[PDB]
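Trainee: model the following, please.
(4 chains)
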Amino acid sequence: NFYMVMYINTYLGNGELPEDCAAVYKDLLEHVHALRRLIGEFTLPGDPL
Amino acid sequence: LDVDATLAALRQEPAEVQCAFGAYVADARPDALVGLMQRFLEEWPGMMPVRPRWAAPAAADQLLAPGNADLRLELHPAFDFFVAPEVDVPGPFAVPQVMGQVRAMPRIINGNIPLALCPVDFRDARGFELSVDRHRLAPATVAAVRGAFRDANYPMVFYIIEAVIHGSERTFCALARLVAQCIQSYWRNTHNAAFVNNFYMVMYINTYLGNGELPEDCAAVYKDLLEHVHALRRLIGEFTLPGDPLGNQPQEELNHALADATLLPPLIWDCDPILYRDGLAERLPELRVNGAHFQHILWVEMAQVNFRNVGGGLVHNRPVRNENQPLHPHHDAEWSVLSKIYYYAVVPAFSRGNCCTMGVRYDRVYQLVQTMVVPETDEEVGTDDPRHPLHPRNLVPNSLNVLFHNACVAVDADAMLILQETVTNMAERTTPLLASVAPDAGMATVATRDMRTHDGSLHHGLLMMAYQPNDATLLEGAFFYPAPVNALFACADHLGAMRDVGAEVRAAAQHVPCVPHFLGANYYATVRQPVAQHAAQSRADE
Amino acid sequence: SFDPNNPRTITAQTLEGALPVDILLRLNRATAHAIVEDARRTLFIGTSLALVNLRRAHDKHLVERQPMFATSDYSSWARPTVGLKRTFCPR
Amino acid sequence: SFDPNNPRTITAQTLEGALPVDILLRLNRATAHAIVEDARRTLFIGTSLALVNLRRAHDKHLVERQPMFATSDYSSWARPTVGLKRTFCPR
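Mentor: Numbers count the residues shown, from 1 in each chain, chains lettered A, B, ... in the order given. What follows is the structure:
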């Protein structure tokens, strides 16, 4: 689930997870953030057509 | 520095008016200082009929296309030539409709050279050149600090503690126990740092706690973050020939730009820079705090707080430790320079265009910090006995204790109770500034006598790191309302925190920094756009 | 509480009996489509009522349940509303 | 100590009642701008007085509070003034 892997690190996050387990989910989210930023740098900013 | 004839030879063309945003600054009457951003947001899309050139640069090479309209205004390696309304700055808050004119203004820093004529690869190469055998950051240090800066669920209670301390001296040594427990908890919870967004706090950490209650493998981070600033400050020390103070200013201020005094830091917490700044008079510097010059006022208590004061008046949080004499600063000179270094050279190194300066609501945070729940016990018992202030029984909703429980921080009742001492020095509000300094003995030609700069700053503000829009445990615009001061410290996600966000403005905010036009525009500033763009899109091992 | 070989005998009168253990154990000792469908429906409702009754019985010994989410504000002008993460409130 | 649906009823007379728990629990069971503004002001002062009273009650059982910072000197010629780091003085 996408919504579950979001809620995990939004609410559970720094909480009950072990020191290591939450790292998986934090990485898994920052990766999607990077992929989303990717297309941000392959577009010449212009006016919505 | 001969540009008068060039300007006289450009204005012959009638007018080329295209936009007005990046080159117009307007003074504001001391009205509201929290709703000013409201009055500005609703007006902004009207200020940008077309896209601003300066925001998104032309290209790598298309700058040299044989017809584009940017070569016409790039003809000197130390000046900028743009269009602006035919008014005197500062002007009225409503943008006029006069015919345009071509002004000019020196790039005070070589970093202001546009990217197409100083590529990012070369800058990073020059850096990597200077970096050898000077000083470095251990990999664990940089790993931890990057994790902290890039974390997206940073506990809000730490921002609360930052806002309630506001860089005093007494209150920190008072809350030392709470700060230590918080740091300990967070480090053993995620292996990160804490309070790194505030410079005075990271100074205090290692100057007071240091050898004490912090773990050995954690305090090394706070020692590295300061010895690196020390090395960076020592850098300019060997790139200046020892000379003679020229304009009543030492040479080191003439060579570098940060080592200057007349350049106000982005975030201050007292009049410590303001006094030093006015010390010089050759290049007459003028300060404007919402219109009033300012009135130095001392500490304020719960007796007379008046959250609604709007005039020009700044506070000295229990001005000193001991003295309580009239009108004297309580820090050395190099303190402000170290702060400038930290915030202009190391913060954008880690954040890479995420941080944003925030205006804080001092009323609600003060309302909240008071409402604590703690039972009466002679001796502390620990978190297991239900008499503990963190046991689920006495977690009355909407308290302050529940905020501490939201972050899994482990504190004691006495350390919590210590918070009461904040009541000895309030913080009324956070207020904008606007410095105005003329070019120094360097660019002091007759043809530059009047081309002064304009840079703004926040007092008693706060720099938050990464916005967390996805949580519901707190209202969006509860405590902090965004106030970006410079192009480096202006993201576009923090605009969501502001209440009553438009549908159009947020869409057209990713491609333009959102500095309000009463906090200095991009051209009239001393740290232009291209350095921010460099810091944001470069990639050089941080 | 009923006999399994006849679905027509289950209803709110007989399902009010006790906890879901009785339902499941009754269904355990067994040995047109509209009949079984309606029976399934009433059985679902009955087991839900059984489960809420069980929760009542066990919750008579538990902590009070706070509102989990903030932003629900009527007297907002005084206090800032703050939710509570139900990470653990066991007793 | 008061009713939430009326802000005009809070004042120093009614807020003297007890600890901030009473204030917060009163505000919890709720159901022009100058009125609510003045009410917020008096409520702030009241909760501060409540908090200092709570600290008195709990501090009747704690250690004496030393001056944290040195350099405050009147009889300096005899002893050199030395501050104290309030790292931990819990009881």
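Trainee: need the three-state assignment for the residue in chain A positioned nearest to chain D.
Mentor: Closest approach between chain A and chain D, counting by C-beta to the nearest C-beta: residue A:11, at 23.6 Å. Any C-beta I mention is one placed from the backbone N, CA and C, and that applies to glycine too. Classification of residue A:11 using DSSP: H, G, I helix; E, B strand; the rest coil returns helix.
Trainee: could I get the phi/psi values of the nearest residue to it once chain neighbours are set aside?
Mentor: Nearest residue to residue A:11, sequence neighbours excluded (C-beta to C-beta, 6 or more residues apart in numbering or on different chains): residue C:85, at 6.4 Å. Dihedral pair for residue C:85: phi -80, psi 120, per degrees, to the nearest 10.
Trainee: hmm, residue C:85 is touching residue C:68, no?
Mentor: Yes. Counting by C-beta atoms under 8 Å, residue C:68 is a contact partner of residue C:85 at 7.4 Å.
Trainee: and those two? which has more neighbours close in?
Mentor: residue C:85 (20 against 14; other C-beta atoms under 10 Å in any protein chain shown).
Trainee: please give me every residue in contact with that one.
Mentor: Shown in contact with residue C:85 (C-beta atoms under 8 Å, 6 or more residues apart in numbering or on different chains): A:11, A:15, B:405-406, B:473, C:68.
Trainee: most neighbours of all those, which one?
Mentor: residue B:406 (23 neighbours).
Trainee: returning to what we had before: out of the contacts of residue C:85, which comes closest to residue D:78?
Mentor: Nearest to residue D:78, judged by C-beta to C-beta, of the contacts of residue C:85 is residue B:405 at 49.8 Å.
Trainee: all helices for the chain, in order.
Mentor: Since you didn't name a chain, this refers to chain A. Assigned by DSSP state H, the helices in chain A fall at A:2-7, A:21-40.
Trainee: nope, chain C
Mentor: C:12-15, C:20-28, C:33-59.
Trainee: adding mean neighbour count and distance to residue D:21, write these out as JSON lines.
Mentor: Shown next, in JSON lines, are these (neighbours: other C-beta atoms under 10 Å in any protein chain shown; distance: least, C-beta to C-beta, whole Å):
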{"stretch": "helix C:12-15", "mean neighbour count": "14", "distance to residue D:21": "45"}
{"stretch": "helix C:20-28", "mean neighbour count": "13", "distance to residue D:21": "40"}
{"stretch": "helix C:33-59", "mean neighbour count": "12", "distance to residue D:21": "25"}
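Trainee: any idea which of those gets closest to chain A?
Mentor: So among these, helix C:33-59 is nearest, using C-beta to the nearest C-beta, at 22.6 Å.
Trainee: and the residue nearest the centre of chain A, what does it touch?
Mentor: Per C-alpha atoms, centre = their mean, the C-alpha nearest to the average position across chain A is that of residue A:29, at 2.6 Å. By C-beta under 8 Å, 6+ apart, the residues touching residue A:29 are A:5-6, A:9, B:152.
Trainee: how much space between residue C:85 and chain D?
Mentor: According to C-beta to the nearest C-beta, to the nearest Å, residue C:85 and chain D sit 19 Å apart.
Trainee: and that residue, how far from residue B:220?
Mentor: For residue C:85, the distance to residue B:220 equals 32 Å [C-beta to C-beta, to the nearest Å].
Trainee: ok, residue C:51 next?
Mentor: Noted for residue C:51: a distance of 55 Å to residue B:220, by C-beta to C-beta.
Trainee: ok so, going back, closest to residue C:6 out of the helices of chain A?
Mentor: In terms of C-beta to C-beta, the element of the helices of chain A nearest to residue C:6 is helix A:2-7, at 42.9 Å.
Trainee: show residues contacting the closest one.
Mentor: Residues contacting helix A:2-7 (C-beta under 8 Å, 6+ apart): A:25, A:28-29, B:470.
Trainee: whichever residue of chain C sits closest to chain A: what's it in contact with?
Mentor: Going by C-beta to the nearest C-beta, chain A is nearest to residue C:87 of chain C, at 5.6 Å. Residues near residue C:87 by C-beta under 8 Å, 6+ apart: A:15-16, B:408.
Trainee: which one is residue C:69 nearest to, not counting chain neighbours?
Mentor: Spatial nearest neighbour of residue C:69, excluding adjacent residues (C-beta to C-beta, 6+ apart): residue C:83 at 4.7 Å.
Trainee: and that neighbour, how far from residue B:18?
Mentor: Per C-beta to C-beta, residue C:83 is found 48 Å from residue B:18.
Trainee: now residue C:52
Mentor: Look at residue C:52 and residue B:18: by C-beta to C-beta, they are 68 Å apart.
Trainee: what of residue C:35?
Mentor: From residue C:35 across to residue B:18, the span is 79 Å (C-beta to C-beta).
Trainee: also residue C:38?
Mentor: In terms of C-beta to C-beta, residue C:38 sits 74 Å off from residue B:18.
Trainee: just residue A:34 next, same as before
Mentor: 35 Å.
Trainee: equivalent analysis for residue A:24, please.
Mentor: Taking C-beta to C-beta, one finds residue A:24 at 50 Å from residue B:18.
Trainee: one more: residue C:64?
Mentor: 63 Å.
Trainee: who's the closest spatial neighbour of residue A:28, skipping the chain neighbours?
Mentor: Nearest to residue A:28 is residue A:5, by C-beta to C-beta, 6+ apart, at 6.1 Å.
Trainee: same thing with residue C:62?
Mentor: residue C:91 (5.5 Å).
Trainee: pretty sure the one you found contacts residue C:60?
Mentor: No. Residue C:91 is not in contact with residue C:60 according to C-beta under 8 Å; the separation is 11.5 Å.
Trainee: which residues do the two both contact?
Mentor: Between them, residue C:91 and residue C:60 share no contacting residue under C-beta under 8 Å, 6+ apart.
Trainee: ok, now which ones touch the spatially closest residue to residue C:50 that is not a sequence neighbour?
Mentor: Nearest residue to residue C:50, sequence neighbours excluded (C-beta to C-beta, 6+ apart): residue C:20, at 4.7 Å. By C-beta under 8 Å, 6+ apart, the contact list for residue C:20 reads C:47, C:50-51, C:54.
Trainee: can I get those residues in JSON lines with distance to residue D:15?
Mentor: Shown next, in JSON lines, are those (distance: C-beta to C-beta, whole Å):
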{"residue": "C:47", "distance to residue D:15": "51"}
{"residue": "C:50", "distance to residue D:15": "49"}
{"residue": "C:51", "distance to residue D:15": "46"}
{"residue": "C:54", "distance to residue D:15": "45"}
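Trainee: closest to residue C:73 out of the residues you listed?
Mentor: Comparing the contacts of residue C:20 against residue C:73 with C-beta to C-beta picks out residue C:51 as the nearest, at 32.9 Å.
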